[PDB]
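Peer 1: Enclosed are the sequence and the experimentally obtained structure.
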Amino acid sequence: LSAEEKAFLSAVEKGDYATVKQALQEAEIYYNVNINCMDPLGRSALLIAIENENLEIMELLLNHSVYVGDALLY
Amino acid sequence: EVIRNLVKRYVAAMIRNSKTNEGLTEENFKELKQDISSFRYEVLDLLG
């Protein structure tokens, strides 16, 4: 994992609506961080926003082109 | 190739079981108490 990918996956699991949205708007402009970046234990950013029951980060991710595949079961 | 998958979904199942089956304790209470306390002093220091 990149340090900015770990900065995005540590932006989520803390409840940020600012730095997560800034990283998802920088992801559109530059191909710097892939949104579908996994933890070392699976765990995409969407699944991190699912284990912590925060619906605002879920709507913020699902407005972007996140891979939603097999994450409804989680 | 099989062992890598078994270790990966094993460790995922064990952290899942630690999230479900671990009961709450006093230090987890101190963590919430410091989060509300520290957020309290931070808001009072911004509004003061």
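Peer 2: Received, thanks. Residues are numbered from 1 along each chain as shown, chains lettered A, B, ... in the order given.
Peer 1: Grab the nearest non-local neighbour of the most centrally placed residue in chain A.
Peer 2: Geometric centre of chain A, nearest residue: residue A:45, 3.1 Å, by C-alpha atoms, centre = their mean. Leaving aside its chain neighbours, residue A:45 sits nearest to residue A:12 (5.1 Å; criterion: C-beta to C-beta, 6 or more residues apart in numbering or on different chains). Yep, even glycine has a C-beta here, placed from its N, CA and C like the rest.
Peer 1: State the phi and psi torsions of the one you found.
Peer 2: phi -70, psi 160 (degrees, to the nearest 10).
Peer 1: which residues sit in contact with it?
Peer 2: By C-beta atoms under 8 Å, 6 or more residues apart in numbering or on different chains, the contact set of residue A:12 is A:20, A:45, A:48-49, A:57.
Peer 1: Redo the residues you listed as CSV? Include secondary structure.
Peer 2: As requested, these are exported to CSV (DSSP: H, G, I helix; E, B strand; the rest coil):
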residue, secondary structure
A:20, helix
A:45, helix
A:48, helix
A:49, helix
A:57, helix
